[PDB]
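Taking it in order: structure first as C-alpha cells, then the write-up.
There are 2 protein chains.
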Amino acid sequence: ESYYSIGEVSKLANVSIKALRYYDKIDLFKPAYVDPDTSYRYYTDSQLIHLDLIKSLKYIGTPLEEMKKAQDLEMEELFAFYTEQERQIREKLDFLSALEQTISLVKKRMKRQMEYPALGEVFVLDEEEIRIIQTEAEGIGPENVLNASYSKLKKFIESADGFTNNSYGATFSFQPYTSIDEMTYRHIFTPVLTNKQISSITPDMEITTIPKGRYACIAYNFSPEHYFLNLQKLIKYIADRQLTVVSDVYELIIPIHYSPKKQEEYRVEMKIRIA
Amino acid sequence: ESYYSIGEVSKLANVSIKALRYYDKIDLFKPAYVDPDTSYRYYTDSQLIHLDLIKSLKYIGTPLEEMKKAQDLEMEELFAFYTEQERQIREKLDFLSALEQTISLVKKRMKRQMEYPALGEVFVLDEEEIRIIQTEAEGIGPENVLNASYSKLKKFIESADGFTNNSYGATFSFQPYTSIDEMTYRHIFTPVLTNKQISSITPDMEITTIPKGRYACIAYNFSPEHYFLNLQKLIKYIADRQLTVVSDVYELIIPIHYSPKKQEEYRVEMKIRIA
DNA sequence: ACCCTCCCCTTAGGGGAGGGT
DNA sequence: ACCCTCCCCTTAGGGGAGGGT
Ligand SMILES: c1ccc([P+](c2ccccc2)(c2ccccc2)c2ccccc2)cc1
Ligand SMILES: c1ccc([P+](c2ccccc2)(c2ccccc2)c2ccccc2)cc1
Ligand code: NA
Ligand code: NA
Ligand SMILES: [Zn+2]
Ligand SMILES: [Zn+2]
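Protein chains in written order, with full-length UniProt numbering: chain A, 3 to 277; chain B, 3 to 277.
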C-alpha cells in the first residue's frame, strides 16, 4: 500500500520528470494512476522494475518504440534481442574503428604536406608508395582539366574509402616543354586509402601505385605564371644533375582552405622519380 | 565557362538534391547563381571542391553548423580540427566497446539462469564468484522489502555500470525457521559488473562478493506458498546430508518479463554455500 | 514546494504535392 | 525530364510560461 509522487519516482529511479511524463504519453511507462482532478500521476512501488528495461534499453541506445515491443517478451526471447543489440554495438564498433585508422592516414598525409621545407625549390627524397587508382585522361590538358572530369574516380573512392578525394592528381609525360599548350595530360588519378578489396572496378579504371622510389619534386601554391617556372626549375634540375628519370610527372594539387567565402588556392606538387 | 544544373551536381558529387537544396538554405553550399526567374540553382565547376570537406565532414559525422566554421580554416588549422574529430571517434570507441563486454556479462548471466535444469528442486554446484555491493537492510523482511528500499544501491550501480540492476538480491541468516515472519533480512545487495574502480562509495555501502564456493541452491518462480516450501526443502536438504553451511542465504530474485501489460513474475533463487 | 499542459525551440533532410519550362 | 516551394511527417525530450494545491 505505497504510492510515489512522480517527483519521488524521478528521484528513486534516476529520471527526468519530463522524461517520464514523456513515457506516460509515449505510452510506455504509464502512471499506475492519475488523480482525475489534479491529473497528477502516482506510480506503484511495483512499477519501478519496469523502469529497468527502459533504463537499460536506453543505455544501450535502443529507440523507444522498439523498447515497446521489447517489454512484452520473456527471458530466452529478450535474450536473443539482447544478442541483436550486440551484433549491433559490435558493428558500429568496427565501422567506426575503421575510420579511426583512415583518419590517421589522412593526417599522416596532411602533415606530410605542411612539412615541405623547401616551399618553392626542388627537393629530392625517399618516398613511401601510393596506392591510387587512375584512368586515362582523354586529351585533358592542364588547361582543360575540371572536376567533372573526375567524378567517376571520385564516386568510386567514396564508395570504398567513405572519405572523398582530398588531394586530386594527374600524370603527364616528361619533356623539355616549350609551353603549357605544348603539354597534355595522360592519366589522372586519385590516391586510394581504404586497404580493403577495392571491388566492382569497372575496367576503365586501373588500381595502381606510385612506387616508393627516388623523388625529385617541388611544391607551391598555384599561380599560372608560377606553375610553369617551377616545372622549368624542375626540368632544369634534372638536366643539370644529369639524372635518369623513371616515370612521368606526378602533378598533384590540393586545395588549401575550402572556404567559399574566398578565392581558392591549392598547394601543387609536381614530381618525378629517378634512379 | 561551365555551369551545372543542380541535378548534374547531384549526379557529379553524389548528392541528394533535397540535400544540396538544404545546404543552399542552410547556407553552406550555395549555388554559384540563381536564375531569378526560374529560381533554378546553377553551380560552378569550381564549387565542387567545396562539396568535399562537407562530404568528408559528413562522413566523419560532424554536425553541419560546426562544418560551417570548419570551412574557413586553413590546413594546419583544420588539421587540429581533424585531430579533435579523432579523439572523438576514438572515444565513442572505447565507450561503446565497453558495453560490448558488459553485455556479454549480462548474457553469460541471463543464460546461466535459464539453464537451471532442476527448476523446482535443490541443485548443488561449483559457482564462480560475484562482485556485488550491498548494504545492511534496516529491519527489512521478506514481507516488507520494496524497490524504494533499493534506490541508493541502484543509483550507484547505474553510475558505475551504466547498466541497471537486472537481478535484485538479499542475504538473510540461516535458521530452521518456523515461518516467514520468523525471518528478517540482513543485507540486501546488488551484483556489480563494471570491473572499473567503483569510486565515490559512501561508506554506507560495502563492495563485496559471493565467494566462488560450493553451493546448495534451488530455483523457481515466486509464489508465496511456494517460496516457503522451497526454503524448507532447502533446509531439510542440508540437514539431511548433514553438510556444513558457510554463509547466509542468498536469495536472489529476477523479474521474468517486464511487461506492464501483465501480472509480473520472477524467477527466485535461494542459496547457501557449503563445504 | 510539487505537478499539470501547452508551446516552441533542436537536427538533416525525405515524400509528396502543385505548378511551371 | 528537370526544378522550385511549401508542407508535414521523424526522435527524445528541454525550457519556459501560466495556473493551480
Ligand atoms: C489512502 C491510500 C491511497 C489513496 P489514493 C490517493 C493518493 C493521493 C491523492 C489522492 C488519492 C492512491 C494513489 C496512488 C496509489 C494508491 C492509492 C487513491 C484514492 C482513491 C482512488 C484511487 C487512489 C488514498 C487514501
Ligand atoms: C551563356 C553562358 C552562360 C549563361 P548563364 C545562364 C544559364 C542557364 C540559363 C540562364 C542563364 C550562366 C549560368 C550559370 C553559370 C554561368 C552562366 C547566365 C546568364 C546571365 C546572367 C547570369 C548567368 C548564359 C549564356
Ligand atoms: Na494540393
Ligand atoms: Na504567457
Ligand atoms: Zn596509359
Ligand atoms: Zn552486517
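We put the CB at the ideal spot given by N, CA and C, even for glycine.
- Interface annotation for the stretch 162-185 of chain B against chain A: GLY164, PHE165, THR166, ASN167 and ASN168, criterion Cβ-Cβ distance under 8 Å.
- Using a CB distance cut-off of 8 Å, A:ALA120 does not count as an interface residue toward chain B.
- Interface with chain A (8 Å Cβ-Cβ cutoff): B:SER58 is included.
- In its chain, beyond the 5 residues on either side, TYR44 have a beta carbon closer than 6 Å to the beta carbon of B:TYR5.
- Taking a beta-carbon distance threshold of 8 Å, B:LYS157 counts as an interface residue toward chain A.
- If you draw a straight line from the Cα of B:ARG133 to the Cα of B:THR210, it comes to about 6 Å.
- One thing to note: A:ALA15 has its Cβ within 8 Å of the Cβ of A:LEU53.
- Looking at the DSSP output, A:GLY9 sits in no beta bridge, so it has no partner there.
- Listed along chain A are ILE105 and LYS109, each with a C-beta nearer than 9 Å to that of B:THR85.
- Three or more Cβ pairs drawn from the stretch 258-272 of chain B and the stretch 62-74 of chain A lie within less than 8 Å of each other, which places the two stretches in contact.
- Between B:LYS157 and the set A:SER249, A:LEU50, A:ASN167 and A:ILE135, the nearest pair of CA atoms involves A:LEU50.
- Around B:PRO178, the same chain offers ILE237 as residues with beta carbons nearer than 7 Å, after the five sequence neighbours per side are excluded.
- For the stretch 136-154 of chain B, the beta-carbon criterion of a distance under 7 Å to any beta-carbon of chain A is satisfied by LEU148, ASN149, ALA150 and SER153.
- Counting the other Cβ atoms within 10 Å of the Cβ of A:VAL36 gives fewer than 16, which makes it exposed.
- In this structure, the straight-line span from the alpha carbon of B:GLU145 to that of B:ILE62 is close to 55 Å.
- Unbroken beta strand (DSSP E) runs of no fewer than 3 residues, entirely contained in the stretch 46-134 of chain A, are found at 124-128, following chain order.
- In the DSSP assignment, B:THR173 forms a beta bridge with B:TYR252.
- Taking 8 Å as the cut-off, the beta carbon of A:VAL126 is found closer than this to the beta carbon of A:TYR217.
- Annotation: B:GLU3 is outside any beta strand (DSSP E) and is labelled neither H nor E by DSSP.
- Annotation for A:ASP37 indicates a beta carbon within 7 Å of some heavy atom of ligand 1.
- Taking a C-beta cut-off of 9 Å against chain B, the contacting residues of the stretch 8-39 of chain A are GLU10, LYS13, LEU14, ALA15, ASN16, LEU30, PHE31 and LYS32, listed in chain order.
- In this structure, the alpha-carbon of A:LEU66 lies about 15 Å from that of A:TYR84.
- Cβ proximity to chain B below 8 Å picks out nothing from the stretch 198-213 of chain A.
- In this structure, the alpha-carbon of A:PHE224 lies about 33 Å from that of B:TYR42.
- The Cβ atoms of B:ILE220 and B:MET272 sit closer than 8 Å to each other.
- Residue A:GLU3 holds the alpha-carbon nearest to the alpha-carbon of A:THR46 among A:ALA82, A:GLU3, A:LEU22 and A:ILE28.
- A:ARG23: member of the alpha helix (DSSP H) spanning 19-28, first to last residue.
- Within 8 Å of the CB of B:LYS113, the CB atoms of chain A belong to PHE81, in sequence order along the chain.
- Using a Cβ distance threshold of 8 Å, A:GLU102 and B:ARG111 do not count as a contacting pair.
- Between A:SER249 and A:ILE190, the gap from beta carbon to beta carbon reaches 8 Å or more.
- Beta-bridge pairing by DSSP links A:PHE191 to A:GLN136 and A:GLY171.
- Exclusion of B:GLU67 from the 7 Å shell around ligand 5 follows from its C-beta lying no nearer than that to any non-hydrogen atom of the ligand.
- A:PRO262 has a beta carbon lying within less than 8 Å of a beta carbon in chain B.
- Residue side-chain check: A:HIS189 places its Cβ nearer than 7 Å to a non-hydrogen atom of ligand 5.
- At least one heavy atom of ligand 5 lies less than 7 Å from the C-beta of A:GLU138.
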